[PDB]
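Visitor: What follows is the file work.cif, containing mmCIF, C-alpha atoms and all ligand atoms:
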```
data_start
#
loop_
_atom_site.group_PDB
_atom_site.id
_atom_site.type_symbol
_atom_site.label_atom_id
_atom_site.label_comp_id
_atom_site.auth_asym_id
_atom_site.auth_seq_id
_atom_site.Cartn_x
_atom_site.Cartn_y
_atom_site.Cartn_z
ATOM 1 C CA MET A 1 56.800 21.405 1.596
ATOM 2 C CA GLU A 2 59.881 19.345 0.680
ATOM 3 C CA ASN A 3 58.780 17.092 3.482
ATOM 4 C CA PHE A 4 55.665 16.162 1.508
ATOM 5 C CA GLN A 5 54.850 14.331 -1.730
ATOM 6 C CA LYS A 6 51.604 15.441 -3.311
ATOM 7 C CA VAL A 7 49.269 12.536 -4.271
ATOM 8 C CA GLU A 8 46.152 14.205 -5.723
ATOM 9 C CA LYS A 9 43.867 17.202 -5.408
ATOM 10 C CA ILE A 10 40.996 16.257 -3.013
ATOM 11 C CA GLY A 11 39.251 19.604 -3.030
ATOM 12 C CA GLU A 12 39.358 23.332 -3.418
ATOM 13 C CA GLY A 13 37.883 26.042 -1.262
ATOM 14 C CA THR A 14 37.442 29.786 -1.240
ATOM 15 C CA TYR A 15 40.811 29.844 0.497
ATOM 16 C CA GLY A 16 43.111 27.229 -0.927
ATOM 17 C CA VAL A 17 43.410 24.010 -2.750
ATOM 18 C CA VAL A 18 43.662 20.687 -0.863
ATOM 19 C CA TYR A 19 45.978 17.861 -1.746
ATOM 20 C CA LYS A 20 46.220 14.330 -0.513
ATOM 21 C CA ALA A 21 49.920 14.195 0.502
ATOM 22 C CA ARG A 22 52.489 11.734 1.996
ATOM 23 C CA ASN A 23 55.400 12.609 4.277
ATOM 24 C CA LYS A 24 58.461 11.913 2.024
ATOM 25 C CA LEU A 25 59.883 11.148 5.435
ATOM 26 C CA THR A 26 57.358 9.238 7.537
ATOM 27 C CA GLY A 27 54.920 7.728 5.013
ATOM 28 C CA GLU A 28 52.094 9.455 7.058
ATOM 29 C CA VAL A 29 49.133 10.274 4.718
ATOM 30 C CA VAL A 30 47.783 13.733 5.344
ATOM 31 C CA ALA A 31 45.655 16.478 3.728
ATOM 32 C CA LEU A 32 47.537 19.605 2.726
ATOM 33 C CA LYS A 33 45.701 22.874 2.373
ATOM 34 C CA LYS A 34 47.588 25.674 0.493
ATOM 35 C CA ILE A 35 46.494 29.231 1.156
ATOM 36 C CA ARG A 36 47.969 31.996 -1.054
ATOM 37 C CA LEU A 37 49.143 35.551 -0.130
ATOM 38 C CA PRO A 45 49.826 37.761 7.360
ATOM 39 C CA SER A 46 49.923 38.317 11.192
ATOM 40 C CA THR A 47 46.742 37.818 13.408
ATOM 41 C CA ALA A 48 45.773 35.030 11.027
ATOM 42 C CA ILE A 49 48.873 33.157 12.166
ATOM 43 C CA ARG A 50 47.896 33.485 15.811
ATOM 44 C CA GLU A 51 44.344 32.572 14.807
ATOM 45 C CA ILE A 52 45.368 29.546 12.796
ATOM 46 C CA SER A 53 47.711 28.448 15.613
ATOM 47 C CA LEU A 54 44.895 28.788 18.193
ATOM 48 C CA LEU A 55 43.059 26.056 16.181
ATOM 49 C CA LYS A 56 45.926 23.614 16.690
ATOM 50 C CA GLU A 57 44.773 23.376 20.229
ATOM 51 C CA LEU A 58 41.142 22.843 19.421
ATOM 52 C CA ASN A 59 41.123 19.075 19.324
ATOM 53 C CA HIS A 60 38.054 16.895 19.424
ATOM 54 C CA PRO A 61 37.213 13.448 17.946
ATOM 55 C CA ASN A 62 34.696 15.177 15.713
ATOM 56 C CA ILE A 63 36.895 17.995 14.344
ATOM 57 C CA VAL A 64 39.430 17.132 11.605
ATOM 58 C CA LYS A 65 42.816 17.471 13.333
ATOM 59 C CA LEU A 66 45.151 20.228 12.375
ATOM 60 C CA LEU A 67 48.588 18.567 12.630
ATOM 61 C CA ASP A 68 50.803 21.536 11.717
ATOM 62 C CA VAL A 69 51.228 24.976 10.202
ATOM 63 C CA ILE A 70 54.074 25.572 7.773
ATOM 64 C CA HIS A 71 54.636 29.280 6.989
ATOM 65 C CA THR A 72 56.979 29.891 4.003
ATOM 66 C CA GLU A 73 57.811 32.398 1.256
ATOM 67 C CA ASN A 74 54.344 33.968 1.880
ATOM 68 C CA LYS A 75 52.630 30.682 0.870
ATOM 69 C CA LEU A 76 50.765 29.166 3.903
ATOM 70 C CA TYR A 77 50.170 25.397 4.366
ATOM 71 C CA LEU A 78 48.058 23.590 6.909
ATOM 72 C CA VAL A 79 48.688 19.912 7.459
ATOM 73 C CA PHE A 80 45.616 18.010 8.504
ATOM 74 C CA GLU A 81 44.493 14.568 9.368
ATOM 75 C CA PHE A 82 43.136 12.988 6.095
ATOM 76 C CA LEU A 83 39.593 11.563 5.702
ATOM 77 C CA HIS A 84 38.486 9.562 2.628
ATOM 78 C CA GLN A 85 35.100 11.018 1.791
ATOM 79 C CA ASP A 86 32.723 13.907 2.570
ATOM 80 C CA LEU A 87 29.020 13.843 3.474
ATOM 81 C CA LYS A 88 27.964 15.134 0.081
ATOM 82 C CA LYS A 89 29.482 12.234 -1.888
ATOM 83 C CA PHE A 90 28.136 9.873 0.696
ATOM 84 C CA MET A 91 24.786 11.554 0.354
ATOM 85 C CA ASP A 92 24.865 11.078 -3.467
ATOM 86 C CA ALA A 93 25.779 7.358 -3.033
ATOM 87 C CA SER A 94 22.697 7.001 -0.789
ATOM 88 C CA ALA A 95 20.181 8.953 -2.950
ATOM 89 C CA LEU A 96 18.136 5.957 -4.213
ATOM 90 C CA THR A 97 17.613 4.834 -0.621
ATOM 91 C CA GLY A 98 18.953 7.621 1.550
ATOM 92 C CA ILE A 99 20.954 7.256 4.722
ATOM 93 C CA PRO A 100 19.235 5.080 7.321
ATOM 94 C CA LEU A 101 17.757 7.024 10.140
ATOM 95 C CA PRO A 102 20.056 5.521 12.885
ATOM 96 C CA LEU A 103 23.066 6.664 10.754
ATOM 97 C CA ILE A 104 21.597 10.174 10.234
ATOM 98 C CA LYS A 105 20.977 10.355 14.009
ATOM 99 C CA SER A 106 24.531 9.247 14.776
ATOM 100 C CA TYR A 107 25.995 11.781 12.442
ATOM 101 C CA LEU A 108 23.803 14.639 13.829
ATOM 102 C CA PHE A 109 24.683 13.509 17.378
ATOM 103 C CA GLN A 110 28.483 13.529 16.780
ATOM 104 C CA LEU A 111 28.450 16.922 14.969
ATOM 105 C CA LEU A 112 26.458 18.451 17.879
ATOM 106 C CA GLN A 113 29.190 17.166 20.274
ATOM 107 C CA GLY A 114 31.719 18.611 17.923
ATOM 108 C CA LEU A 115 29.845 21.877 17.992
ATOM 109 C CA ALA A 116 29.240 21.877 21.755
ATOM 110 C CA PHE A 117 33.033 21.709 22.201
ATOM 111 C CA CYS A 118 33.691 24.412 19.598
ATOM 112 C CA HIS A 119 31.200 26.691 21.102
ATOM 113 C CA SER A 120 32.066 26.274 24.794
ATOM 114 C CA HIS A 121 35.497 27.437 23.727
ATOM 115 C CA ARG A 122 34.101 30.413 21.769
ATOM 116 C CA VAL A 123 35.011 29.075 18.318
ATOM 117 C CA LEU A 124 32.336 29.151 15.637
ATOM 118 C CA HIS A 125 32.633 27.290 12.362
ATOM 119 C CA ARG A 126 30.661 29.917 10.317
ATOM 120 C CA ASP A 127 30.412 27.715 7.146
ATOM 121 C CA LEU A 128 29.030 24.265 7.823
ATOM 122 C CA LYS A 129 27.932 22.438 4.677
ATOM 123 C CA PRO A 130 27.979 18.881 3.497
ATOM 124 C CA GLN A 131 31.379 19.189 1.919
ATOM 125 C CA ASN A 132 32.926 20.562 5.102
ATOM 126 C CA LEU A 133 31.910 17.338 6.853
ATOM 127 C CA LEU A 134 34.121 14.314 6.553
ATOM 128 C CA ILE A 135 33.593 10.659 7.233
ATOM 129 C CA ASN A 136 35.726 7.609 7.777
ATOM 130 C CA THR A 137 35.113 3.888 7.671
ATOM 131 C CA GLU A 138 34.625 3.655 11.430
ATOM 132 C CA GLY A 139 31.325 5.550 11.613
ATOM 133 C CA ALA A 140 32.816 8.990 12.438
ATOM 134 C CA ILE A 141 31.907 12.352 11.012
ATOM 135 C CA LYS A 142 34.089 15.348 11.644
ATOM 136 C CA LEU A 143 33.747 19.080 11.201
ATOM 137 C CA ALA A 144 36.342 20.219 8.735
ATOM 138 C CA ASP A 145 38.050 23.453 7.708
ATOM 139 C CA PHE A 146 37.059 25.071 10.824
ATOM 140 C CA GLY A 147 37.720 28.543 12.028
ATOM 141 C CA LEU A 148 39.363 29.336 8.718
ATOM 142 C CA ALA A 149 36.514 31.807 9.366
ATOM 143 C CA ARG A 150 38.245 34.465 11.474
ATOM 144 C CA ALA A 151 41.462 33.788 9.558
ATOM 145 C CA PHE A 152 41.905 36.326 6.684
ATOM 146 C CA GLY A 153 39.777 36.913 3.592
ATOM 147 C CA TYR A 159 41.405 31.730 -5.892
ATOM 148 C CA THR A 160 38.701 30.116 -8.073
ATOM 149 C CA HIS A 161 35.850 32.602 -7.644
ATOM 150 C CA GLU A 162 33.678 29.502 -7.865
ATOM 151 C CA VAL A 163 30.589 30.711 -5.896
ATOM 152 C CA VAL A 164 30.087 29.815 -2.202
ATOM 153 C CA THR A 165 26.731 28.318 -1.335
ATOM 154 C CA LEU A 166 24.286 30.233 0.667
ATOM 155 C CA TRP A 167 22.108 27.233 1.216
ATOM 156 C CA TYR A 168 23.149 26.790 4.844
ATOM 157 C CA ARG A 169 23.561 30.466 5.777
ATOM 158 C CA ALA A 170 21.604 31.578 8.866
ATOM 159 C CA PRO A 171 19.023 34.347 8.334
ATOM 160 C CA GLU A 172 20.742 36.817 10.707
ATOM 161 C CA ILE A 173 23.857 36.679 8.506
ATOM 162 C CA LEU A 174 21.695 37.260 5.402
ATOM 163 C CA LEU A 175 20.048 40.213 7.158
ATOM 164 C CA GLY A 176 23.446 41.762 7.822
ATOM 165 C CA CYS A 177 24.247 40.864 11.439
ATOM 166 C CA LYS A 178 27.895 41.720 12.090
ATOM 167 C CA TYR A 179 28.192 40.059 15.386
ATOM 168 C CA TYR A 180 26.491 36.770 15.012
ATOM 169 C CA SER A 181 26.662 33.852 17.440
ATOM 170 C CA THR A 182 27.342 30.139 17.706
ATOM 171 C CA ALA A 183 23.681 29.775 16.748
ATOM 172 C CA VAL A 184 24.586 30.199 13.096
ATOM 173 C CA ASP A 185 26.237 26.780 13.156
ATOM 174 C CA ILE A 186 23.145 25.112 14.581
ATOM 175 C CA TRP A 187 21.035 26.704 11.859
ATOM 176 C CA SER A 188 23.446 25.266 9.355
ATOM 177 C CA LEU A 189 23.542 21.818 10.899
ATOM 178 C CA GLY A 190 19.709 21.739 10.929
ATOM 179 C CA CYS A 191 19.734 22.549 7.235
ATOM 180 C CA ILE A 192 22.067 19.614 6.743
ATOM 181 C CA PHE A 193 19.896 17.404 9.035
ATOM 182 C CA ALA A 194 16.733 18.036 6.954
ATOM 183 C CA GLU A 195 18.740 17.512 3.769
ATOM 184 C CA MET A 196 19.950 14.111 5.090
ATOM 185 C CA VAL A 197 16.327 13.087 5.798
ATOM 186 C CA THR A 198 14.849 14.387 2.559
ATOM 187 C CA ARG A 199 17.623 13.864 -0.053
ATOM 188 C CA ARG A 200 17.071 17.418 -1.187
ATOM 189 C CA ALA A 201 18.443 20.694 0.077
ATOM 190 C CA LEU A 202 16.166 22.614 2.377
ATOM 191 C CA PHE A 203 16.841 26.217 1.210
ATOM 192 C CA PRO A 204 18.782 26.003 -2.106
ATOM 193 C CA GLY A 205 19.086 29.707 -2.819
ATOM 194 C CA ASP A 206 21.104 31.107 -5.669
ATOM 195 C CA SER A 207 21.558 34.648 -4.420
ATOM 196 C CA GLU A 208 21.075 36.352 -1.093
ATOM 197 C CA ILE A 209 17.559 37.629 -1.661
ATOM 198 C CA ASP A 210 16.506 34.281 -3.174
ATOM 199 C CA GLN A 211 18.097 32.457 -0.210
ATOM 200 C CA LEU A 212 16.170 34.799 2.178
ATOM 201 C CA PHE A 213 12.943 34.372 0.336
ATOM 202 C CA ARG A 214 13.242 30.613 0.292
ATOM 203 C CA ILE A 215 13.604 30.556 4.050
ATOM 204 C CA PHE A 216 10.601 32.900 4.233
ATOM 205 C CA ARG A 217 8.401 30.721 2.083
ATOM 206 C CA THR A 218 8.911 27.636 4.292
ATOM 207 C CA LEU A 219 9.282 29.321 7.720
ATOM 208 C CA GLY A 220 7.080 32.462 7.450
ATOM 209 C CA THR A 221 8.409 35.980 6.946
ATOM 210 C CA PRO A 222 9.913 36.873 10.328
ATOM 211 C CA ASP A 223 8.326 39.771 12.263
ATOM 212 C CA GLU A 224 8.859 41.218 15.727
ATOM 213 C CA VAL A 225 6.438 38.617 17.171
ATOM 214 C CA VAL A 226 8.690 35.679 16.240
ATOM 215 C CA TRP A 227 11.972 37.697 16.197
ATOM 216 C CA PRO A 228 12.400 40.748 18.438
ATOM 217 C CA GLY A 229 14.687 43.186 16.681
ATOM 218 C CA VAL A 230 14.208 41.661 13.197
ATOM 219 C CA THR A 231 13.018 44.989 11.558
ATOM 220 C CA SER A 232 15.931 47.006 12.903
ATOM 221 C CA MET A 233 18.389 44.757 11.067
ATOM 222 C CA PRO A 234 20.860 46.155 8.516
ATOM 223 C CA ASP A 235 19.415 44.387 5.437
ATOM 224 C CA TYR A 236 15.868 44.120 6.558
ATOM 225 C CA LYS A 237 13.229 45.807 4.383
ATOM 226 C CA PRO A 238 9.503 46.355 5.258
ATOM 227 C CA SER A 239 8.761 45.806 1.617
ATOM 228 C CA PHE A 240 9.602 42.045 2.184
ATOM 229 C CA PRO A 241 6.567 40.013 0.992
ATOM 230 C CA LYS A 242 4.648 38.288 3.869
ATOM 231 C CA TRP A 243 4.689 34.468 3.564
ATOM 232 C CA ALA A 244 2.741 32.258 5.923
ATOM 233 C CA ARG A 245 4.561 29.483 7.793
ATOM 234 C CA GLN A 246 4.156 25.780 6.806
ATOM 235 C CA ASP A 247 4.254 22.774 9.260
ATOM 236 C CA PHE A 248 7.412 20.727 8.962
ATOM 237 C CA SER A 249 5.099 17.775 8.663
ATOM 238 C CA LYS A 250 5.256 18.950 5.026
ATOM 239 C CA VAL A 251 8.922 20.059 5.174
ATOM 240 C CA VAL A 252 10.653 16.885 6.449
ATOM 241 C CA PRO A 253 8.550 13.717 5.966
ATOM 242 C CA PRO A 254 8.911 11.252 7.140
ATOM 243 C CA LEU A 255 10.895 12.493 10.053
ATOM 244 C CA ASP A 256 9.292 11.307 13.352
ATOM 245 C CA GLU A 257 7.874 13.671 16.028
ATOM 246 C CA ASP A 258 11.115 13.906 17.993
ATOM 247 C CA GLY A 259 13.106 14.743 14.907
ATOM 248 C CA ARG A 260 10.698 17.399 13.722
ATOM 249 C CA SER A 261 10.624 18.934 17.125
ATOM 250 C CA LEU A 262 14.511 19.044 17.217
ATOM 251 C CA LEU A 263 14.813 20.490 13.667
ATOM 252 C CA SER A 264 12.234 23.124 14.649
ATOM 253 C CA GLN A 265 14.330 24.406 17.467
ATOM 254 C CA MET A 266 17.498 24.376 15.355
ATOM 255 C CA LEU A 267 15.634 26.521 12.806
ATOM 256 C CA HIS A 268 14.286 29.185 15.155
ATOM 257 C CA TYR A 269 14.603 32.651 13.525
ATOM 258 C CA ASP A 270 15.698 34.358 16.700
ATOM 259 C CA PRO A 271 19.274 33.264 17.262
ATOM 260 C CA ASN A 272 18.846 33.736 20.994
ATOM 261 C CA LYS A 273 15.935 31.184 21.259
ATOM 262 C CA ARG A 274 17.596 28.802 18.728
ATOM 263 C CA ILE A 275 18.626 25.561 20.573
ATOM 264 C CA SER A 276 22.268 25.322 21.606
ATOM 265 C CA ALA A 277 24.307 22.207 20.709
ATOM 266 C CA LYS A 278 24.398 21.289 24.409
ATOM 267 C CA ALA A 279 20.686 21.411 24.806
ATOM 268 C CA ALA A 280 20.374 19.717 21.521
ATOM 269 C CA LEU A 281 22.385 16.717 22.919
ATOM 270 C CA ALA A 282 19.746 16.203 25.618
ATOM 271 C CA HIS A 283 16.715 16.112 23.208
ATOM 272 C CA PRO A 284 14.571 12.928 23.330
ATOM 273 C CA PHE A 285 15.480 12.453 19.604
ATOM 274 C CA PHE A 286 18.740 11.024 20.911
ATOM 275 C CA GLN A 287 17.243 8.672 23.537
ATOM 276 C CA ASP A 288 17.876 5.748 21.247
ATOM 277 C CA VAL A 289 21.098 6.913 19.694
ATOM 278 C CA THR A 290 23.600 4.260 18.410
ATOM 279 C CA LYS A 291 26.774 4.301 16.174
ATOM 280 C CA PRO A 292 26.157 2.214 13.010
ATOM 281 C CA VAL A 293 29.051 1.370 10.638
ATOM 282 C CA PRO A 294 28.414 2.925 7.199
ATOM 283 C CA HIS A 295 29.172 1.081 3.932
ATOM 284 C CA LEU A 296 31.748 3.378 2.218
ATOM 285 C CA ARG A 297 33.497 1.940 -0.959
ATOM 286 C CA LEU A 298 36.790 3.861 -1.380
HETATM 287 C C1 LIG A 301 41.928 19.691 4.857
HETATM 288 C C2 LIG A 301 41.130 18.741 5.676
HETATM 289 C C3 LIG A 301 40.094 19.448 6.507
HETATM 290 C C4 LIG A 301 40.794 17.460 5.026
HETATM 291 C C5 LIG A 301 41.031 16.162 5.450
HETATM 292 N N1 LIG A 301 40.585 15.319 4.487
HETATM 293 N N2 LIG A 301 40.087 16.051 3.493
HETATM 294 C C6 LIG A 301 39.511 15.663 2.354
HETATM 295 N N3 LIG A 301 39.390 14.331 2.094
HETATM 296 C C7 LIG A 301 38.591 13.846 1.128
HETATM 297 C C8 LIG A 301 39.020 12.761 0.336
HETATM 298 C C9 LIG A 301 38.173 12.267 -0.654
HETATM 299 C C10 LIG A 301 36.929 12.841 -0.840
HETATM 300 S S1 LIG A 301 35.819 12.252 -2.106
HETATM 301 O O1 LIG A 301 36.450 11.101 -2.774
HETATM 302 O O2 LIG A 301 34.567 11.980 -1.414
HETATM 303 N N4 LIG A 301 35.629 13.391 -3.248
HETATM 304 C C11 LIG A 301 36.573 13.415 -4.369
HETATM 305 C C12 LIG A 301 34.555 14.389 -3.184
HETATM 306 C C13 LIG A 301 36.506 13.916 -0.051
HETATM 307 C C14 LIG A 301 37.327 14.429 0.934
HETATM 308 C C15 LIG A 301 39.064 16.660 1.481
HETATM 309 C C16 LIG A 301 39.211 17.990 1.849
HETATM 310 N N5 LIG A 301 38.868 19.010 1.045
HETATM 311 C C17 LIG A 301 37.826 19.991 1.202
HETATM 312 C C18 LIG A 301 38.367 21.256 0.551
HETATM 313 C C19 LIG A 301 37.385 22.404 0.785
HETATM 314 C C20 LIG A 301 37.197 22.625 2.291
HETATM 315 N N6 LIG A 301 36.197 23.692 2.510
HETATM 316 C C21 LIG A 301 36.712 21.331 2.955
HETATM 317 C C22 LIG A 301 37.705 20.212 2.695
HETATM 318 N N7 LIG A 301 39.800 18.300 3.001
HETATM 319 C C23 LIG A 301 40.202 17.326 3.799
#
```
Would it be possible to restate this file's structure as structure tokens?
Guide:
Amino acid sequence: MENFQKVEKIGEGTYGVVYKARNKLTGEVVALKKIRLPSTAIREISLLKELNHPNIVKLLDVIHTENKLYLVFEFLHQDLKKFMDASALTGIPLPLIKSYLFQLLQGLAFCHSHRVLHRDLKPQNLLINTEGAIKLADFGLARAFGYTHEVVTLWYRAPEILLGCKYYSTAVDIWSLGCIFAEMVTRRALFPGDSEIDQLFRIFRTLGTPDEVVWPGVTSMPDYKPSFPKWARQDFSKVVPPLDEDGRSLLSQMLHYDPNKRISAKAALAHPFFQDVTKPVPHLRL
């Protein structure tokens, strides 16, 4: 730590608080995550150091000291939520939404081919820079270990996790990214639940209550109950206007109940939604 000069708090997570920091030594500006009070987490964390992609925030180093842990990261100036707020009156132009979705999928297709899942994608875990890039952030702090008790959002949790699946797949990240995708198009959260059952029931009211017809094995799931009310599905023509036909088709596949039929990032890269994909510069104001 004596290597670093704090600059400001940029964030706080379940895990640690995040400082903008400068190398007392090199002048290099970095982001410094502190995690408070072991062994396989170390190996885990260190396995991330290797997981480098243009669309994953780069983990520069791991300092382990006096039982405090610190991860030194590349620093980005803004997150997708703040950018999303700054766009609310007009919303993010479609070619920019498409570019972001496209880069995150490439991010995820890398993750996934290497067996790493993010587990917690959400607008504030996504960071942007002035050159049109969006990066998955704080990534694989999932199979790490466990200070504010500030509630985590459920809004992007995949239904298999809510139904108590222990062993869930890479498909949970796609569900999450599709939640974010629809949110970018609409300027409102897709499934803004405020408890687990409420989060479940909001998915049900838009997507239909899942049964064995749409999701083989649904009813044998840990947290499934037959007494779940039976909601009818809606068309996404009503869920994400005015997303075009390609976009609605893509979102649909990213929001399949059955994780195993849910589109993979790889397949998602090949979807005609991305036929005309470009990389627009965003206006940022820092
Ligand atoms: C530790 C890594 C992954 C990193 C790199 N940059 N950065 C930032 N930068 C940042 C700066 C300003 C803003 S900003 O001006 O929009 N704004 C103030 C909102 C938002 C984010 C913020 C940040 N913090 C959150 C902490 C919680 C974690 N789950 C995701 C990362 N982390 C980072």
Visitor: Which residue gives the smallest distance to ligand LIG 301 (chain A) among A:59, A:246, A:160, A:131, with all atoms listed in the file counted?
Guide: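 Nearest candidate to ligand LIG 301 (chain A) out of A:59, A:246, A:160, A:131: A:131.
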Visitor: Please write the residues picked by the PyMOL selection byres (((chain A and resi 143) around 6) and not hetatm) on this file as an MDAnalysis selection string.
Guide: chainID A and resid 63 133 142 144
Visitor: Could you tell me which residues the PyMOL selection byres (((chain A and resi 64) around 10) and not hetatm) grabs in this file, written as an mmCIF file with C-alpha atoms, keeping the file's coordinate frame?
Guide:
```
data_model
loop_
_atom_site.group_PDB
_atom_site.id
_atom_site.type_symbol
_atom_site.label_atom_id
_atom_site.label_comp_id
_atom_site.auth_asym_id
_atom_site.auth_seq_id
_atom_site.Cartn_x
_atom_site.Cartn_y
_atom_site.Cartn_z
ATOM 1 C CA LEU A 58 41.142 22.843 19.421
ATOM 2 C CA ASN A 59 41.123 19.075 19.324
ATOM 3 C CA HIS A 60 38.054 16.895 19.424
ATOM 4 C CA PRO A 61 37.213 13.448 17.946
ATOM 5 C CA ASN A 62 34.696 15.177 15.713
ATOM 6 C CA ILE A 63 36.895 17.995 14.344
ATOM 7 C CA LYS A 65 42.816 17.471 13.333
ATOM 8 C CA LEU A 66 45.151 20.228 12.375
ATOM 9 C CA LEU A 67 48.588 18.567 12.630
ATOM 10 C CA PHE A 80 45.616 18.010 8.504
ATOM 11 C CA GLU A 81 44.493 14.568 9.368
ATOM 12 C CA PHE A 82 43.136 12.988 6.095
ATOM 13 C CA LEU A 83 39.593 11.563 5.702
ATOM 14 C CA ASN A 132 32.926 20.562 5.102
ATOM 15 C CA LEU A 133 31.910 17.338 6.853
ATOM 16 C CA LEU A 134 34.121 14.314 6.553
ATOM 17 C CA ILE A 135 33.593 10.659 7.233
ATOM 18 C CA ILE A 141 31.907 12.352 11.012
ATOM 19 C CA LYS A 142 34.089 15.348 11.644
ATOM 20 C CA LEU A 143 33.747 19.080 11.201
ATOM 21 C CA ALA A 144 36.342 20.219 8.735
ATOM 22 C CA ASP A 145 38.050 23.453 7.708
ATOM 23 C CA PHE A 146 37.059 25.071 10.824
#
```
Visitor: Which residues, named as in the file, does the PyMOL selection byres (((chain A and resi 128) around 8) and not hetatm) pick out? Answer as an NGL selection string.
Guide: :A and (125-127 or 129-130 or 132-133 or 143 or 168 or 185 or 188-189)
Visitor: Go through A:25, A:16, A:33, A:109 and flag the residue nearest residue 289 (chain A), using all atoms listed in the file for the distances.
Guide: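 Smallest separation from residue 289 (chain A) among the options: A:109.
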Visitor: Identify, on the basis of only C-alpha atoms, every residue whose closest approach to residue 51 (chain A) does not exceed 12 Å; exclude the query and any residue fewer than 4 positions from it along the same chain; express the result as a VMD selection string.
Guide: chain A and resid 45 to 47 55 to 58 69 123 146 to 152
Visitor: Those residues with C-alpha atoms, as a PDB file, keeping the file's coordinate frame please?
Guide:
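Output contents, as saved in out_26.pdb:
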```pdb
ATOM      1  CA  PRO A  45      49.826  37.761   7.360  1.00  0.00           C
ATOM      2  CA  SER A  46      49.923  38.317  11.192  1.00  0.00           C
ATOM      3  CA  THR A  47      46.742  37.818  13.408  1.00  0.00           C
ATOM      4  CA  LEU A  55      43.059  26.056  16.181  1.00  0.00           C
ATOM      5  CA  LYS A  56      45.926  23.614  16.690  1.00  0.00           C
ATOM      6  CA  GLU A  57      44.773  23.376  20.229  1.00  0.00           C
ATOM      7  CA  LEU A  58      41.142  22.843  19.421  1.00  0.00           C
ATOM      8  CA  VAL A  69      51.228  24.976  10.202  1.00  0.00           C
ATOM      9  CA  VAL A 123      35.011  29.075  18.318  1.00  0.00           C
ATOM     10  CA  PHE A 146      37.059  25.071  10.824  1.00  0.00           C
ATOM     11  CA  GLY A 147      37.720  28.543  12.028  1.00  0.00           C
ATOM     12  CA  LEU A 148      39.363  29.336   8.718  1.00  0.00           C
ATOM     13  CA  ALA A 149      36.514  31.807   9.366  1.00  0.00           C
ATOM     14  CA  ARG A 150      38.245  34.465  11.474  1.00  0.00           C
ATOM     15  CA  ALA A 151      41.462  33.788   9.558  1.00  0.00           C
ATOM     16  CA  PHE A 152      41.905  36.326   6.684  1.00  0.00           C
TER      17      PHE A 152
END
```
Visitor: Give me the residues within 9 Å of region 231-242 of chain A as a list in words, counting all atoms listed in the file and dropping any in the same chain fewer than 4 places off.
Guide: residues 172, 174, 175, 176, 177, 213, 216, 217, 220, 221, 222, 223, 224 and 227 of chain A
Visitor: Nearest to residue 194 (chain A): which of A:165, A:136, A:110, A:264 is it, counting only C-alpha atoms?
Guide: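 Closest candidate: A:264.
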Visitor: Select, from A:34, A:84, A:6, A:295, the residue with the minimum atom-to-atom distance to ligand LIG 301 (chain A), counting only C-alpha atoms and all ligand atoms.
Guide: A:84
Visitor: Would you work out the distance separating CA of residue 105 (chain A) from CA of residue 183 (chain A), expressed in Å to one decimal?
Guide: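 Answer for the CA of residue 105 (chain A) to CA of residue 183 (chain A) separation: 19.8 Å.
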Visitor: Centre and edge lengths, as AutoDock Vina command-line options, for the axis-aligned box enclosing every listed atom of ligand LIG 301 (chain A) with 3 Å of padding on each of the six sides, in Å to one decimal?
Guide:
```
--center_x 38.2 --center_y 17.4 --center_z 1.1 --size_x 13.4 --size_y 18.6 --size_z 16.9
```
Visitor: Of the candidates A:88, A:169, A:199, A:50, which one gets nearest to ligand LIG 301 (chain A) if we count only C-alpha atoms and all ligand atoms?
Guide: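 Comparing A:88, A:169, A:199, A:50 against ligand LIG 301 (chain A), the winner is A:88.
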Visitor: Atom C9 of ligand LIG 301 (chain A) to CA of residue 102 (chain A): how many Å, to one decimal?
Guide: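 Taking atom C9 of ligand LIG 301 (chain A) and CA of residue 102 (chain A), their separation equals 23.6 Å.
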Visitor: Of the candidates A:14, A:290, A:272, A:207, which shows the shortest atom-to-atom distance to ligand LIG 301 (chain A), using all atoms listed in the file?
Guide: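 Closest to ligand LIG 301 (chain A) of all the choices is A:14.
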